[PDB]
Each structure stands twice: as structure tokens, then as C-alpha cells.
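Colleague: I have a structure here, written as C-alpha cells, and I will follow up with some questions on it.
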Amino acid sequence: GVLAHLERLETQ
Amino acid sequence: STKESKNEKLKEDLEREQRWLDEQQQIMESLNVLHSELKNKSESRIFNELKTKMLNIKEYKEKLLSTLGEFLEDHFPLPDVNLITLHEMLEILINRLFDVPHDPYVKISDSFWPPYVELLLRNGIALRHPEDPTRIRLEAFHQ
Amino acid sequence: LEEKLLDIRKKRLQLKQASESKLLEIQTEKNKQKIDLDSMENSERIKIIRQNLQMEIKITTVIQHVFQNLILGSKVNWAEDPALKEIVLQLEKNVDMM
Amino acid sequence: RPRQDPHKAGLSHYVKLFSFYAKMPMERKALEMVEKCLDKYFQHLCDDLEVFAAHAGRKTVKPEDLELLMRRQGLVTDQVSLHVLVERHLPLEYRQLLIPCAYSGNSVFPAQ
Amino acid sequence: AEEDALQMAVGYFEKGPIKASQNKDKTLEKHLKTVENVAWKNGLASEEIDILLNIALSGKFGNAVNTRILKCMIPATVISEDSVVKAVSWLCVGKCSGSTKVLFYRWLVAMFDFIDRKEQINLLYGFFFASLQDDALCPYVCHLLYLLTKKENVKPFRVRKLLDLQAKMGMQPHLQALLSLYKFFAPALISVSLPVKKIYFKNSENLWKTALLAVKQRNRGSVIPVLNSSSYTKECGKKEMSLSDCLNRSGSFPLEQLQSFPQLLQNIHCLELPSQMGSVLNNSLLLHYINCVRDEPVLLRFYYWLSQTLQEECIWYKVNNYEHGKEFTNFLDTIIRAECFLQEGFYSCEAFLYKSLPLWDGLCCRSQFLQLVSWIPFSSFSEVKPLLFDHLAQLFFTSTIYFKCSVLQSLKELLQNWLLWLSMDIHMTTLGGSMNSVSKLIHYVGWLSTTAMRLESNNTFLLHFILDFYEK
Amino acid sequence: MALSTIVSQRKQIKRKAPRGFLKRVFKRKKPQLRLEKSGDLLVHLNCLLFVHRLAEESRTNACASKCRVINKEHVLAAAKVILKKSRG
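Chains as they are written, first to last, in the entry's author numbering: chain O, 16 to 27; chain K, 109 to 149, 154 to 192, 207 to 269; chain H, 150 to 247; chain T, 450 to 561; chain I, 61 to 256, 258 to 282, 308 to 514, 524 to 567; chain W, 1 to 88.
See the structure below:
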């Protein structure tokens, strides 16, 4: 989803 | 990248929603058909039903008892002090079980010769008293 | 994709809204039909026939089991005689559901 | 390559029955003890059966001799007969051979 | 070809044994060879099954000949029920030996599903249950009863029989399985707690495994409670039988029989509710039922259970327990997947949001939390503002840009859900007081967007989400 | 569990009796006599009763002598009375 993608972009 | 992820999720959700819509349409159609069928369709009748039920039960019990008597007569004749038949012993056991519910044990007599008692004990019809084997009872099949 | 999903969800919501009231009225009608017939319980002739029904059911069950055990222990071939086959096939079935 | 003599193979059944009836953990040193007690009991049983058959006046061993022995042992009485113990402790395949039963037109087996 | 030879062989089987001409015994052995060959290549028909079974179980050809007839019994077609009835009668005669009885029982267990009718087989439950006295046939008969057992067959005297058998023999797996089944069918008579799934019935491949595969290739062409029936306290204290079952009325539908969609369609109006409502959370057939129920006791039970579970399983509320971790995330994912269906949200989630929001940091379960925020029932903006939106803005104005994009997506989804639920009410507070709430929400999110654009120094990554919201 | 200690059998072995072993024992002990058709079954029953008596006596002797595991002296003292009681 979009929220999981934002999360994985935040982790990096 | 975010737009690609959004499109993928949208396609997946579209497929899932389509399947759910199909299933819900089926359920609604079935429920409407059932409601229509149900909408399309006095102690005297209750008493008549109870009476015919009792009559059927009595007829079945009478037929079964007659058949059991015929079987016990043609298969187990009088054996050659005198000994009574197995039918009399079974009737005595049933009477003692039904009249006295808390004390259905019967003391073994000379008329009850070891063959028939052993047959009844082996076929699970009768049971010895846990404390003295001289008293036997009938198995409570209705309970 | 969103244009399609909107109409799909709208149709789903309409179906849910209809089925809710449909099932509600069905359930309330069934309960109204069941409770009065359950709580009628007239004591003019039913309280005397119910005990007779119970006693006959118990006696018939006992006789059924006794006959089954006797036929089992007698060591006889019942499949050859159809008259006894009908009995041994009718013995196992229940009595109250007749 | 296991090797088991028939004596131990026969006694293992009663040893396992003892272990099951004990309902308690048992040391391994008691197995040979139980086996020796079983051997002594079998010897005494054979001697008692021999002397009872000799006193009876016949060379063969009949069930009445074993009934008399069990009565002297305190296990069998007039009220609690051998049939009760057979029904309590033995399966159906042995009860069909020991206790007489009638069926199918007063046909009694065994003949008693 | 050889089919006439097969007919002659079965006719000779019908004649009987031979006394003097023992070379005709080798001729019938050649006949058995032909029967084995035809049973291996294509099988046997249904017309000779009854005859061969009756001949094998009659006891005229000896054990050495009857031992292989059951082995070569390959049901290429469906098996009739009268043949099995005659076989059971021949077993009840008593002329057979032990090995042939064991073989017949193993064959009946292996070829159980190949029979067309199974009601007259269940009508002979007593003859199968009575054979449990023999210690040689105990496991196979137990395995057969484990398949032939129904609800009308469990009776107290059979329970006592099983109890005395267990007392005489001990802990046997083939008995433990049957006792567990009897407890499942009658919990008010037997109490059993089995320890562990271990192998109870032996999975010994039968002699017809190469024949099983042949007939298959021929026929080619815990946080959440467990699912259990209602508590046995229903009709616990009863003096007499009710008037309903005396007249054989509808009643109800069992829960274990509900396994497919048509079974739910046929019995949607009458269903058995579980003992614990939480088990409904992971069952689609029960979700379809609770989609349109609107009952007060069920809602109260589900609310209490879900509220207690969310309160005890949280990571930052009322306890410092990070040991849960992915378990809470999976539970929230299941809740979100369930509330996407039913097109509405639960009140327990709203209460948990109102309780645990001031203590949230914004990084633990951002995705699941913000997805749960989207499923908030429609209410006035002035009442729902101080409980949710104040804390949301306080966490929004001091976080990173990804948190801003996430809360913008969540607000867009919330607005979409509110509009979807409001669009259906006009077809049925008036609309004048309802449009003011969404107007205030739009103005609030516009103020948020303006302040965020001023803070983040005009980043296009946020303007994209702002324009995505204004598109809707 | 140590190899010296054996836990009680939760499940009992099949109730089949070793008739051949009893026949061979009775033949090798007293070959001059002949046993009847089913005397071995009565011998097996007597052995079962003897083993039950010995088991209960050893159990009570072990539980009364401050022991949770049956030892050698317990079954020894039990046999010293059971063997004398079993003869007659």
C-alpha cells in the first residue's frame, strides 16, 4: 500500500 | 514509485470488492426468495397430532413385541427341578426395572440355569451386582 | 480504477442495507410464530398425554435394544430371511421422530 | 542381532503386567527378582497340581483340581465361583471356551 | 476373450469346493490368477462383488483361499449396500476366522468412500460396536466407528462400555480418539482433555495402495478464541420436553455442518452462534451473517471482548511490553481486513483510539493506526475535534514529511467514507447540519495543508498529496 | 529417566496369553502328566491373580517403608509372604 511504502521510505 | 504502489493496491482492492459484491448479490437473492416462499405459506390439531403419534408408537411397539415373542418362541424352546423359559426371565427383569427404579436387582434362582444367565451376561443384556453375583439387573437402555 | 471502485462499493452498500431489514423482519416473524405456540401449554389433555408419550418411548427403546442384542447373540443369519431383515433394519432408527 | 531365550520371552509378559499393576516407578533390579519368584511359584504350582491329581486317582489334570487349589488359596469360594473370576479377568475369546453358554435351540457349548 | 472365462470362474465359485480332483484346485488357482490380472488391469464390476464377498465370508474354500480373494478385491465400480449388509450378516454368523475378519475390516475401512449409499451402513451401528470386546479387532473397528459415528448414535450405555473398556485396557490411542469424538458429540456426559497432532490411528498403507492409485487414475477422467459450539448450559435445567420438539418443528442448524456457501444460503435465517464471539473474527461464513444482524447482546459481547483484547495487547498503553510486537500488528491487520468488509467500524476501535491517542509517538504502528482512524462513524466536527484532531495536529506539526503524507491519505479516506455513508441517507439532524460538518473538516484540512506548505519550505512531494485530496 | 528406574506402563499390553510357553513349561517340569484342553487358561488366570497380589503387596510395602520407587527389599519381603500364601 501507500502507507507501507511511506514507512519503508522513512526507514531508509 | 508511490503512484505505482497505489495502482497495484487499487487493482487488488478492485478484484476483492468484485468478489464480495458477487457473493453479496447471491446472498441477497437467496434471502429474498426465502422470504417470498415463507410469505406465500387451535389446540384441536395439536391434540390430533399427539393422538396419531401415540397411535403410531403403540402400533410399532405391539408389532415389535409380537415379533420378539415369536422369535424367542421359535428359536429358544423349553429346555429339557423345572426351568422356566428365557422369555419369562426377560419379562421379570423388565418388570423389575420399570416398577422399582432404584432397586432393579433380582436374586438368581434355581429356575435361572447357568446357560441362559451366561448368555444374557455375555450379550450385555444383564449385569451382575457389583457386590454379590447372586443378584442381577437389566441394562438401562433408555437412559 | 477509483471510478470503478466507487460504483462497486455503492452497490455493495445498497445490498447490505436491503438485506438488513429483510433478515430482521424474517427473524421477528419466526420468533413471533414460535413463542406463542411454545407457551400455549394447555393443561386440559396435554399434561396427561405427554407422560404417556415419554413412557411409550422409553419402553419402545428398551424393547428395541433388547431385541437387537438377542438377535446378535443368537448367532443366526438374518439376511436370508427378509421378514427378520425388515425388523433388524427398523430396530436402529429412532422412535420419537416417527 | 538380538537373541532372546523362550524363558525370558515368556516371563516378560508377566513382568510387564506386574509393572502395570504396580502403578509406581520400579527399579530395574526388581525384574530378575520378580522372575525368580515367578519360577518358584510355577514350581510350587506344578507340585501342588501333581499331588492333587495323584490324590484324585487319575493321571490327567482336570479343572476341578485347579478349582480346589484356588479354593485352598483363598481366591475361589462357593459364592464367588470360578466363573465370576473368569468374567472379571479374562477376555471374550477365553470366556467362550471356558464358561458354557447356550444358543440356537438350546445348543450348549462347551458341554456342561 | 477371457470374460467368458471369468464368468465360468465365478460360476465355479458358486458351485463349491472339490474333494478328490486336487488338480482342479490348481485350475481354480489359474482362475484366481485371471481374476487378479483383470482386477489389476481394469478392476471388477459391481455384479460379482456380492457373490465373491459372500463366497469368501461363507467359509467353504478354506482360509488359504479366502485370504487372497479379499486382497484381489478391487472395486473398479461403485459398491452396493446390500452386499455390505450380507457381508456383515455373514460375519455375525461366526463361521469366519480372525485373519479374514481383520482383512475384511481393513478393506471396509480403506474402501469406505467408494460406497454409494451410507445410511443403511449407519443403520448397523450396533453390530459394529458390539465387536469391540475382541482385542484383535479393536483398532480397526475403532477406526471404522470414528468414520461411522453421528450424533444420534452417542448414547450413555455405549459411553459406559467405552469407559469400562478403557479401564480394562488402559490408554489406547484408538480408544482416545473415539472418546474425544464422543465428547465432542456429547459434552454433558464425558469430559476428556487429550495431550499433544500426534498419530492416533496408524497410517499403515493397505494392500490396495497400488489399487487406490489405480482407481484414482481411473477416476481422473491464542489471541483469537477457537471455534466451538454453544455452551452446554442451554436447556441445562429442564423438567420436561418442550412443546416444540414434541411436534418436530424447525429448531436450529448445527455449527459443525456449516462448511460451504450453499449450506449458509439454505440456512441463513437460522444459525447457531458460537460460545465466544471472537471466533467470528476469522470466519467468512459468519461474517456474512453478522453483516446484517444488528443485535444488542452479540454487539455487547463482541465489544467487551475486543475492548479487553485491545487494552491488554497494546504496546504503549497501560503496560511497557514490547514482547508482543508483530502479534499486535497481525491482529490489527486482521481487524482492518474484517472492517473493510461490513463497510463500517466497531466501537471498541473508536474507544481504543480515544484512549491511546495522547500517548502515541507516531512510529510504532503508523500504518494500522492510521487505517483504523479512517473508519470513524459520522459525527459532528465540534464534538470529535478535541478528542482526535487536536492530538493529530499536535503530532502533525512536529513530525517528518512522511507522517504528513500519511495523515493526509488517512483524512482523504475518512472523507471518502463519510461521503459514501451520507450519500445513501438522502434516499431513505437534517442535511443542513450534516453538510456543515464536512465543510468544517475541509476547511480544517486546508488550514493544515497551508501551514504544512509554509513549514516544509514548499516541497512538491506534499503538494502532490494535497492535490490528490482536492481531486476527491 | 535413569536406565535403573522404569516408569509405570500407562497402557497395558494385549491380554493375549502365551499358551505355548505355559505348555512347554508344564511339559519340561512334569513330562509324565498330560494337561487337559484349556488348563493353560486356568494356569494363566492363577498367574494373573498371583501377580496382582504380589504387585499390591510390593506397592504397599514400598509406600509404607518411606520410598517413592519400588526397591529390591520391598518386593523381596512381599514375595516372602505371597509365595507362602499362594501354596496349598
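Every residue gets a Cβ at the ideal spot worked out from N, C-alpha and C, and that includes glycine.
Excluding the five sequence neighbours on either side, which residues of its own chain have a C-beta within less than 8 Å of the C-beta of T:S468, listed in chain order?
Modeller: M475
Colleague: Closest by CA to I:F187, which one among H:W227, H:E151, H:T210 and H:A232?
Modeller: That would be H:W227, whose Cα lies nearest to the Cα of I:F187.
Colleague: Return helix, strand or coil for I:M514, following the three-state DSSP convention.
Modeller: coil
Colleague: Mind pulling the alpha helix (DSSP H) runs of 4 or more residues that sit fully within the segment 115 to 195 of chain I?
Modeller: 123 to 131, 141 to 153, 158 to 170, 179 to 182 and 185 to 189
Colleague: Could you check which residue in H:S170, H:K196 and H:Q163 has the C-alpha nearest to that of I:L329?
Modeller: H:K196
Colleague: Short of 8 Å in beta carbon distance, which residues of its chain neighbour W:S86, apart from the five on each side in sequence? Order them along the chain.
Modeller: Answer for W:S86: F50 and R53, listed in chain order.
Colleague: If I measure Cβ to Cβ from K:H143 and keep anything under 8 Å in the same chain, skipping five residues before and after, which residues do I get?
Modeller: In its chain, beyond the 5 residues on either side, no residue has a beta carbon closer than 8 Å to the beta carbon of K:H143.
Colleague: Distance cutoff 7 Å, beta carbons only. Does I:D176 sit that close to anything in chain T?
Modeller: no
Colleague: Distance, Cα to Cα, W:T5 vs T:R477?
Modeller: 6 Å
Colleague: How would you call I:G71, buried or exposed, if buried means at least 16 neighbouring beta carbons within 10 angstroms?
Modeller: If you draw a 10 Å sphere on the C-beta of I:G71, you find fewer than 16 other C-beta atoms in it, and that means exposed.
Colleague: By the 10 Å Cβ neighbour count, where 16 or more other Cβ atoms means buried, how is T:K457 classified, buried or exposed?
Modeller: exposed
Colleague: Pull the bridge partners of residue 204 of chain K from the DSSP assignment, please.
Modeller: Shown without residue 204 of chain K, the model has chain K running from 192 straight on to 207.
Colleague: Check whether chain H comes within 7 Å of K:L162, counting only Cβ atoms and requiring the distance to be less than that.
Modeller: yes
Colleague: What three-state label does DSSP hand I:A246 in the structure shown?
Modeller: coil
Colleague: Going along chain T in order, which residues have a C-beta closer than 8 Å to the C-beta of H:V225?
Modeller: In chain order: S553.
Colleague: Taking one C-beta from the segment 369 to 389 of chain I and one from the segment 413 to 429 of chain I each time, how about it: are there three or more such pairs within less than 8 Å?
Modeller: yes
Colleague: Please look up how many angstroms separate the CB atoms of I:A116 and I:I129, rounded, as I've assumed it's under 8 Å.
Modeller: 4 Å
Colleague: Under 8 Å Cβ-Cβ, which residues of chain H neighbour K:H228?
Modeller: Chain H residues near K:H228: none, gap ~16 Å exceeds 8 Å.
Colleague: Quick check on K:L246 - is its C-beta less than 7 Å from some C-beta in chain T?
Modeller: no
Colleague: Along chain T, which residues have their Cβ under 7 Å away from the Cβ of W:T60?
Modeller: The contacting residues do not exist; W:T60 stays about 10 Å from chain T at best.
Colleague: Per DSSP, which residues does T:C550 bridge with? Please list them.
Modeller: T:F558
Colleague: Mark T:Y490 as exposed unless 16 or more other C-beta atoms lie within 10 angstroms of its C-beta, in which case mark it buried.
Modeller: buried
Colleague: Just to confirm, is the Cβ distance from T:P540 to I:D195 under 7 Å?
Modeller: Yes. Within cutoff.
Colleague: Count the other CB atoms, across all protein chains shown, that sit within 10 Å of the CB of I:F438; report buried if there are 16 or more and exposed otherwise.
Modeller: buried
Colleague: Run through the segment 177 to 230 of chain H for me and flag every whole alpha helix (DSSP H) of 4 or more residues, listed as ranges in chain order.
Modeller: 195 to 222, all fully within the segment 177 to 230 of chain H.
Colleague: Closest by CA to I:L192, which one among I:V162, I:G122, I:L392 and I:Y403?
Modeller: When each option's Cα is compared against that of I:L192, the closest is I:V162.
Colleague: Indicate whether at least one CB of chain H lies closer than 7 Å to the CB of K:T179.
Modeller: yes
Colleague: Mark W:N46 as exposed unless 16 or more other C-beta atoms lie within 10 angstroms of its C-beta, in which case mark it buried.
Modeller: buried
Colleague: Which of the three DSSP states, helix, strand or coil, is assigned to I:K79?
Modeller: Coil.
Colleague: Taking I:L313 as the reference, which of I:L268, I:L494 and I:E342 has the closest Cα?
Modeller: Per the C-alpha coordinates, the member of I:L268, I:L494 and I:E342 positioned closest to I:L313 is I:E342.
Colleague: Which residue's Cα is closest to the Cα of K:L223: H:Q239, H:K207, H:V244 and H:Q163?
Modeller: H:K207
Colleague: Bridge partners of I:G230, per DSSP?
Modeller: Answer is W:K11, bridged to I:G230.
Colleague: Of all the residues that make up the segment 189 to 212 of chain I, which are near chain T by a beta-carbon distance shorter than 7 Å?
Modeller: Hits within the stretch, in order: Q193, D194 and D195.
Colleague: Determine the closest residue to I:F560 out of I:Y488, I:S534, I:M530 and I:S552, with distance taken between C-alpha atoms.
Modeller: I:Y488
Colleague: In whole angstroms, what separates the C-alpha of I:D447 from that of I:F455?
Modeller: 11 Å
Colleague: Relative to the alpha-carbon of K:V141, which residue among H:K183, H:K171 and H:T177 has its alpha-carbon at the smallest distance?
Modeller: H:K171
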